[PDB]
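Right, I'll just put the structure down here and ask away after.
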Amino acid sequence: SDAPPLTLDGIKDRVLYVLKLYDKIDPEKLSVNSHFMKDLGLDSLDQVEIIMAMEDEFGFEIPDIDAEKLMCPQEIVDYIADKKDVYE
Amino acid sequence: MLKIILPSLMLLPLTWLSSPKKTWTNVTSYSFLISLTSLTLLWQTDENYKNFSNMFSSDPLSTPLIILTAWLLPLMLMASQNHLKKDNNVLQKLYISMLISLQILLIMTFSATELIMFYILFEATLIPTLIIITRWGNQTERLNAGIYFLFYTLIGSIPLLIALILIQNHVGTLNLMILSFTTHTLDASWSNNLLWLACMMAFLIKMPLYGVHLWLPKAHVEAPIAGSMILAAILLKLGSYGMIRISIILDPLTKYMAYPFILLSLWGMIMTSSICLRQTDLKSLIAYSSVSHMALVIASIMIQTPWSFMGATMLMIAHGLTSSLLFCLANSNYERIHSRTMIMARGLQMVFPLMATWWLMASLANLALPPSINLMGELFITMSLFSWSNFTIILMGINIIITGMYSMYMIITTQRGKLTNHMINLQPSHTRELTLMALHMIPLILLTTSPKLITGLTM
Amino acid sequence: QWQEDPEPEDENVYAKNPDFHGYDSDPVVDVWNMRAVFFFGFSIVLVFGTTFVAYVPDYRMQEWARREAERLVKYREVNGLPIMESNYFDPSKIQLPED
Amino acid sequence: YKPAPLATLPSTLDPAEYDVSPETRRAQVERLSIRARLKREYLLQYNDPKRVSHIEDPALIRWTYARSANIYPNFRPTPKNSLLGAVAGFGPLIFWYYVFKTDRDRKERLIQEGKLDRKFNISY
Amino acid sequence: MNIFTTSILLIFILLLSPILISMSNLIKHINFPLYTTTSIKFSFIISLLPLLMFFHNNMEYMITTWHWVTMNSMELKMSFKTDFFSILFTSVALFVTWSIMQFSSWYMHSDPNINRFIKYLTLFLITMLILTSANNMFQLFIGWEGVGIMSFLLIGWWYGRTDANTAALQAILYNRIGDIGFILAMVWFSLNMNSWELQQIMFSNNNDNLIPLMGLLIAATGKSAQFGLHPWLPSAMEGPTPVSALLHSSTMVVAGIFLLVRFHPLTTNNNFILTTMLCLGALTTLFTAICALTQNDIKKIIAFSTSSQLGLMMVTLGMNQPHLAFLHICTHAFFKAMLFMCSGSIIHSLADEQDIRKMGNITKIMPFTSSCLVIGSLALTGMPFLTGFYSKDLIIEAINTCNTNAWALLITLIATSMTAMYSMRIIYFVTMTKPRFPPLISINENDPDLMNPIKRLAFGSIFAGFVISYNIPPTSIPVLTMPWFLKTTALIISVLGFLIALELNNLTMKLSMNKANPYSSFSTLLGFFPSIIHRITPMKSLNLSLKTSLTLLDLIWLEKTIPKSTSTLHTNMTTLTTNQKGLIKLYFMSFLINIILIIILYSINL
Amino acid sequence: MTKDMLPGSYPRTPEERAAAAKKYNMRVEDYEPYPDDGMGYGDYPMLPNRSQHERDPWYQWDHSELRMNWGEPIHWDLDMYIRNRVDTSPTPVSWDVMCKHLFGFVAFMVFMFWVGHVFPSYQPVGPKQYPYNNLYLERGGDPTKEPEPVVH
Amino acid sequence: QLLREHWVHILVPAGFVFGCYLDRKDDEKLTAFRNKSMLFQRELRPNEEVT
Amino acid sequence: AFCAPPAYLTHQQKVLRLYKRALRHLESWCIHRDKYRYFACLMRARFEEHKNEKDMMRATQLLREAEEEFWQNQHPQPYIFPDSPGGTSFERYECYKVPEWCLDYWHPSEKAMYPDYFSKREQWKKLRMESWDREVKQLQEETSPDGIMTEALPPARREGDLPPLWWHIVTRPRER
Amino acid sequence: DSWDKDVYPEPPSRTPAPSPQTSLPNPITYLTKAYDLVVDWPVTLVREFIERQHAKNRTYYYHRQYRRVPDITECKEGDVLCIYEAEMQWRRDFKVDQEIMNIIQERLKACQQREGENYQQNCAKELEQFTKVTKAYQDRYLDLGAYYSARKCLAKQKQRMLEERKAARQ
Amino acid sequence: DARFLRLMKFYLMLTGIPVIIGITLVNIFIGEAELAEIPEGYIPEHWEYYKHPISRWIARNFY
């Protein structure tokens, strides 16, 4: 009855929202096209820590082989959206 | 019982005497009208049976069948229109002028006063059948059914013949409603024991057992649909009109002698019903389900009790419709997909949202459903058996459980699930076929209301 | 190669006569046949056939049963007889063998 | 833990999946090429225009034909099969033969006294 | 003799109106749920008048309405029975169902087909009242299996999710077993009493009616899923939550257990099945309760909770105190059909999330449901006057007072402590335990299509048992003597089941990793009953159908014995027929043999 | 369909095995047919007994709902091993012990009832005392025969 | 008129008539025990026949 | 969903995957959230310790018995979301997602409604039929003569061209 | 309905004799008195109007009496004529021997329903009437198959009498 | 599916309404004859034994 659909902006303004709570990276100087391993100083293990918040933010647990690929936070906005069929 | 046949003769020229684009229409319309003329014989105000002629006759047992056959004809004549959409006008006529003969010959049998006229039409039903399955089959294996369907039906027929010969030598006339009266008590001799075989056996080929029933799947798998309806509807469950009539002369021995054929059913009645879980060929699936039910009817006649016969007549006719129905339900998909496969089109009800409600009303009638007749037949057959033996239920219950699986399982793997997205060739529905399932059920819905009609000799 | 014509691929006949009922390709044979299917069969044979699903009285002499039965008790039960006496064919007019 | 044929074990156990050796590794590559060439055909044929009918699915057919009309030629008469079919065919057929018979023939000796009082029964 | 008959039929005419108008080219014009739900409102209004007639006079009519068939000293007539059993349940199973459609418009909108949905409930809602109202044992049987069939079709509703198709079919598997021992019975009575209807059937008070009566247990265990057939119900929570409310707590689980109370004067005169009422019925009060603790999906937890309550009804039949049961049949609906009714309000507000781990402050975010859920679960166990006393009291008074058994009391009493110990769980992890649920707040509430029905079950769950306690004719003579620690048992014991569950679910707060003992893993899943059976029977009782019955017997043996052994017999004798070189130096030496034979033939006869 | 695209009979002559797995579109080593002992299992594979649940439920297949692609040939008994009938899904508890606690529960469960049936939890009182002898008239009797002797 | 592209419709009901006659020629062929049956054996008013 | 899982080509993702599932089998033990948040950082160290070892034997012979213990520690009923495999609503909304080819059987009186949505449809399907032979030709001339073939996952080259196989993923039905 | 259906004095009806304090209106008679003017009063007028049109075009029917038409013991073997009459005379009584059993059934249930929990010693009169019937029924028609013809019943009645005069010999 | 039911529902009404309306009118006006006893020898006319009007009309024209 409720649960209004997103507009890829309540995602993008909400994904980056999440990443700023992590406190080990992202000192309010990241961006939307900011890769993880090469220009933020993460491990691969530090990446699984990221996707779980997004998983815990929507409830559609990402498969094994899609967190392997999602590094940029745009790519996270870019996969959430292709699935949930946004931009009507 | 003459005003029926003689019009049905006049249909046979009508097809050869009609124009091409007017022929299914005329012949279809009157065949319905033949049903009404094939219904006047319901005026059974008394137990005094309607012995019209010195050869033709009637009963409460036949009058369902006689009605039924004239009702299957428009139906079966209709369901094979898109099938053979392309063919000569000749075949498009001959397939009518051959198929009708089943109506005319069976009427003569089911009305018959005798056993010869039953006999010499018990096998004259064969010419219009074998001609079909061998001709309009769609498979390389069409022919072996025309061999199996042919010979088993005959290899038993000939002892059956010889016994009718013998009975005449002792008595003279070999007819009904006389042998019933001038009946002698048998000596239970070995020579007289073989007679009980020969007079039961061929009918037990029709009603298939756990044994000889290999002709029944090979037949239905390969018939287009009209070699499947009648072969399921009134060509099968024809033995009963034979097996009830002939059983009357020789009751004082068929107590002790009939335990095998009874018992060979009540195993196969469970096995065929349990085979009918783990199968692939849909068009085979139904063929066993008929063998499952009719195995109960063989467990009916050999007990001679009224509710047992009633348990058959409420079951034969209750099965012929729903059987002839379910082939159409499959024929609502084989003509679209062209494969007898229970898995290829599984996630329907997105595309045929209504036809599902003809599967669903049917499969329920396939199993024992309370406000129905496939139960009332399957119920009374249980009741008589509980009298015959209080442990048949240990065998019956194993079926009605299983019957609650495959009948519904046909719904699951054919109307529930993710659709096979890769079948563009799903024409939603021909109004041709879609009204078949009406012309099966609305009989049941009405016939279920007042089944005072459908009962046998006894009620 | 053996030189038979190839398979005829699917036809997809809901392109002309999207009102195609199932009977023949040409538009005006479906309509004037189905109306024959319904009326000759589906209307009258059910309706006028079901007119006998209620009519055709005393089907095998059951309605007549109650009358004679209700009669047979009120004559037999009032006077002193026991209903359902013991049997058919009284021991008179039946000659059993000896010993 | 103890695996069984039913309720088999996970794949993280069962020490395949670990031996990345060029004799074990090549398998998981070549199946996968064998697999991709094939699915790519279905992809190349699913969304092909002019595909108007369904798709054949021959392997599905090879399973039915293998199961229905390709059994009897593959028969060999053996024990474990001739002994097994009789005990599946005639066994239960002969088990009950004593049951229903003795059910009756014990029912019959009682009826010929009255020790098994016929209550209000009419079904025959 | 006029008003009473004229209404009890008329409710069906109300219920046949939604369906008989469902195909008129009219449903697509109007609000068919409200139409239906409006009819349901008048049906209850009409239904009270019979109930208002019975309490005043206790009249128990036996309407027929129809003659179906004549059959050899059995006039098969439809006919309706009504005596304290199809006069109250007929209204309360109807009343609650008013509180389902209103819900089922709110829950399950954004659905292209409710009109098709709502159709099927009234198909069901008719069939259950038949089962209830049916005089015959066959008219009943219509309401036996049509009830079952129609649940297969709402459990399996989203006709993907074959897991839901299974758990629908799983029920039908066990329901068509409950079919059997029913049909054992309805066969036996005919074959000993040519009636099929209850009235004459009662006259077999003295026949040692042992096995038919045991068949009813099979019928009981199918619909009223005890233990040999328990697991279909919780698995059949994959369907929509109102259906789980309507069917599987108030209008199907009653069926099997309702059957026996209509046969209550025959379970009286036997002392063996009168036990296995208890020893089987009470098993479920214990087992499913233990199972119910360490589950997480609510709709399962409520489902399990029926199965114990389901048994405790049978435990009434564990003695000859049946009328208490029917009183517990009623009250069991004004609770369970609140919680689902209350749980979908919890769920559909937020996402389809329906396990408790992911929510913990329903008190504050929803002060409404967290007020009425408690009206359910508090009143459920033993709250001293909220209809789970006027039910539960008179139960526990008897169980510890009749000469029944020893272990049955314990497992009940231990389990009667245990209706708390999972209600405490639900009413703590959901309603307390500072929240945990994803951030988006989409809670829609105050919708008068939601409160107004939730209100009434609360009004019902509080008042009705009292209202029914006195207004009914008192039978089942109540032993009330009960020294200090018998009459006071259900009260303290439910309080006891709070405190432990409080400390147990309070010690999960402290930082400590707990050990995976078999306890709370045996009971976490099911007691392993599905996990182990649902992969041997369909691997044995299904693999005992291919290689012994199709690809052994029907196909590769039987196709040899008669046909191919015969064809081969002839074609082998056929080659030796006509495989001679066409000479005459051979044929004549072959003829001359015949010449000698017919000599040597004739020269013996003489 | 082709004759030598459909199955055969127990491929002896190990050169032939290539004409089975490449027929069925399969890796040769992985293809070992049935032991041939008796039944008409011909040149069909074995394909270890995976229920179709352990298959990674993500990854859209060519045949949805069924966990197979357009080929990757079929387990013989793919009627039971679909996600409609059976699940051999690896269970957090082991079969021999899992099959033990259940039957170990019940066999202990039943034994208490018999233990309890010995010592029923009765209430220390007498039985009822009915109005008349044992009423002989509504319980069901014959009030033209004798009266009955019993009385309080 | 034209070449009678539809006349077969007359064809079948001529059979139902002809059958009802042949069904009746059967009747006057038997025509015995017209009243000699023990059951009815009713002498009529002054008029002539029964069946 | 949108990729293919190949052979798990190395120890890394095998562990990230193990960490993924194993993590999820802790919250069902740690119902409360504060309780949960603690044990993860400890188990975090259980990997961050012995981070880099390079002993492939011991890497496996730690990673192998890592489940010989975890299996006897995991939770039987884990927390899987709605829409997740095995979970509620994994397939609920699949009884409606019709495959969009069937749309091309509606006749007028059903598509006489809205002459625009089909005015779109024809200019979509014009793109499809007019982009096929160019599309397939790429797959033909794609350098896949022998050997490795994962899926080849090919894009559109920078042209006035449309990518490879796209009717599958695009034009698929929505969700809800 | 005739006076053969044991319609024992139809009301032993009680009486309305309230005794509540500050007495209330009873919804039964506060509503059934609102019922016999609103749906009974129409429907009573309609059938009151249906009746008067029936007596305009009144039509009669009758019962079709039948005869003795001698039974089988007078009847000859082989002679199909005689036996056929007697045979369809017996199946013509096989109903009336059996529609009776429908009436007792019909009468054996309504008794205890108009007696409730009395149920016995007030339905023994009807129950003794039932065993009396069923005993002759089984002694008439029990062992028979479904090909029941009077030659079988006649033999059933004739096997039995032998024991009736074999057990009177010791 | 909708076209169909619209036709199924119609062509049955095409003869169901002439009947059901017609059969309500016969019973309203007339029908449901009564018992009677023979006038000491009358030779009833073969449909003086059946109740329902149309049923004792069919029996006149036929049978």
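Letters A, B, C, D, E, F, G, H, I and J mark the chains as written, and numbering starts fresh at 1 in each.
Here, contacts are C-beta pairs under 8 Å (C-beta built on N, C-alpha and C of every residue); 3 or more make two chains touch, one makes a residue touch a chain.
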Shortest chain-hopping distance from chain B out to chain F: 1
Of all the chains shown, whose C-alpha centre falls nearest the centre of every protein C-alpha atom combined? E
Contact counts by the stated rule: is the higher one at C-J or I-J? I-J
Length of the line joining the C-alpha centres of chain H and chain J, rounded to whole Å: 69
Cα-centroid distance, chain D relative to chain E, in whole angstrom: 31
Between chain C and chain H, what's the gap in Å when you average each chain's C-alpha atoms? 59
What's the distance between the Cα centroids of chain A and chain E, rounded to whole Å? 46
Where in chain C do residues touch at least two different other chains? 10, 12, 14, 38, 42, 44, 46, 48, 56-58, 61-62, 65
Could you list the positions in chain J whose residues touch two or more of the other chains? 7-8, 50-51
If I count partner chains per residue in chain F, which residues reach a count of at least 2? 39-40, 56, 58-59, 65, 77, 79-80, 84, 88, 91-93, 95, 98, 140
Mind listing the chain E positions that touch chain I in their complex? 2-3, 49, 52-53, 56, 60, 62, 70, 72-75, 194-195, 197, 199-200, 202-203
Quick one: in the complex, what on chain I touches chain C? 2, 4, 63-64, 71-74, 90, 92-93, 95-100, 102-103, 129, 132-133, 135-137, 139-140, 153-154, 157-158, 161-162, 165
Residue ranges of chain J in contact with chain B within the complex: 1, 3-4, 7-8, 62-63
Spell out the residues on chain E that touch chain B in their complex, using ranges where they run on. 68-72, 138, 141-142, 144-146, 149, 152-153, 156, 159-160, 162, 165, 169, 172-173, 175-177, 179-180, 183-184, 187-188, 190-191, 542-546, 549-550, 553-555, 558-559, 562-563
The residues of chain H that touch chain F in their complex are 1, 4-5, 71, 74, 76, 85-86, 90
